[PDB]
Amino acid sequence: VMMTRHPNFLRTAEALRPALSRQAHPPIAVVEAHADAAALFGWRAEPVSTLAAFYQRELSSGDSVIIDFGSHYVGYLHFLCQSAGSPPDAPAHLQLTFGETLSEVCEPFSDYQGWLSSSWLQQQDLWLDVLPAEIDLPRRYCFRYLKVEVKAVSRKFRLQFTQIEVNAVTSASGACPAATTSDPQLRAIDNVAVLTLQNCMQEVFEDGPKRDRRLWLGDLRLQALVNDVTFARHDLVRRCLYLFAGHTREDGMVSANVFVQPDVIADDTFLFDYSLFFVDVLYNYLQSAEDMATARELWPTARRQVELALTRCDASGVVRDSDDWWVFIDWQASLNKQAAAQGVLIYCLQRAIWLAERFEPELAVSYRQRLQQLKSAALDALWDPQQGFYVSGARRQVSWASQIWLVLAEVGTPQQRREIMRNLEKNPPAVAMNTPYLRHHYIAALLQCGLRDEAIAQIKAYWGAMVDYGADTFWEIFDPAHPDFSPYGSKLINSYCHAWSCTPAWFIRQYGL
């Protein structure tokens, strides 16, 4: 897999690396876990003591506690501990376990049976040869709960903690305007959304601070919108644009995600939709930041994503389907992706035209003709009048995703599109949405068709459910009908702070809901 580096673009990205603010926080309580069928993933917390009382305890082999930090934090653990009893005559062996949910410190990691690496699960053994001890752990953890287990000391002495804190980090340490909304339930959702984005904003826009700690293009697109009306760090959107542009496949296609440690390496994973989203991110960045220099410099990268995407169309102007993981759309293994991909192409071509009008007017003429072909081809090949929905693939599957994306693409007439959104509400497709990522687009489609009250009710029903369940930050994965669901094969390795799920802040602020 041949790649191409662009030193000029990478030097621009490097110069825009943000400083991180570091800030200490103590935890709020010691708790005990109780298995409970009717709770957040089967486990309930009960407060048992303050921390001042825990600092008086003298722990022996086998003793363990769970520390509730009170909110969701990303950062570095610091603690002090010391001996009690006789002079300490052996190392103290501890085991630490970190969780975003309570369930992550109650279910054993040894039972994880998924296709992501188990190494993402947060855990650390320590051997203290000398007491008293001052410990600053080097790895960055993302957690609310911390389990501390004394695996082994000798019978001659006991261990005693005197201080525990987390040093939390973020690049979103600037001001953040308060939301106007007079609706208390939307306010609560906005608060959770903003915290979600804050913890994801680091040296790049990370998708999730526990996992994958990495810049992805689909995620970036949504995060940039929220950033726009919260922390307004346009320099960081610019940095992330130059990163994707600075290291590409040799034919010019941008990667789905980028690493920045130990140096900038772009992944060998390529997605039809994420590539095209480079165009929409560049367009939204121009609108919000008003930086013509950057948009002009990066336009060729955007244009190239379109040149390459258009080669996937057959003679009749419909995107070819295949069984490999060629486009993302949602975490839904049974989803045929052809129709949704057609919609993404048409959506992003439209933005390529708006950009072309400024930087390459002559090309906009032919792009406009091409837009028309694709929309017509979508109607001819994909629309099914009897069902009132678009079908996808050789077996003519009906999904939510197909409808959402072809409505956003503005295929057909405004009243046809409004009729489709009513059809979802009264006659729901079989293949459902699994992520707040895809739900974001459902909301956008509702608003675009002037269904404003329906969009408000939908934000409240879906994201309000996560809030009512007790979420501090919004989740990577959420299907209300199956709250245990994981595409990875364990809810333990899902992310519970994922910024592609924090767009309600944008909807609420931008549309004045």
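In this text, residue numbers run from 1 along the sequence as written.
- Looking at mean Cα B-factors across 11-19 and 494-502, the upper value is held by 11-19.
- Higher mean CA temperature factor, per the PDB entry, when comparing 46-54 with 440-448: 46-54.
- When the Cα B-factors of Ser334, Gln342, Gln122, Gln163 are read from the PDB record, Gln163 comes out highest.
- Of the candidates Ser402, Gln416, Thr97, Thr435, the deposited coordinates give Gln416 the top C-alpha B factor.
- Per the deposited record, the Cα B-factor of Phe359 falls in the highest third when ranked against the other modelled residues of its chain.
- Per-chain ranking of the deposited C-alpha B factor places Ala37 in the highest third.
- Split the chain's modelled residues into thirds by C-alpha temperature factor. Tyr469 is in the highest one.
- Split the chain's modelled residues into thirds by C-alpha temperature factor. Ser392 is in the lowest one.
- The entry lists a Cα temperature factor for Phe79 that places it in the middle third of the chain's modelled residues.
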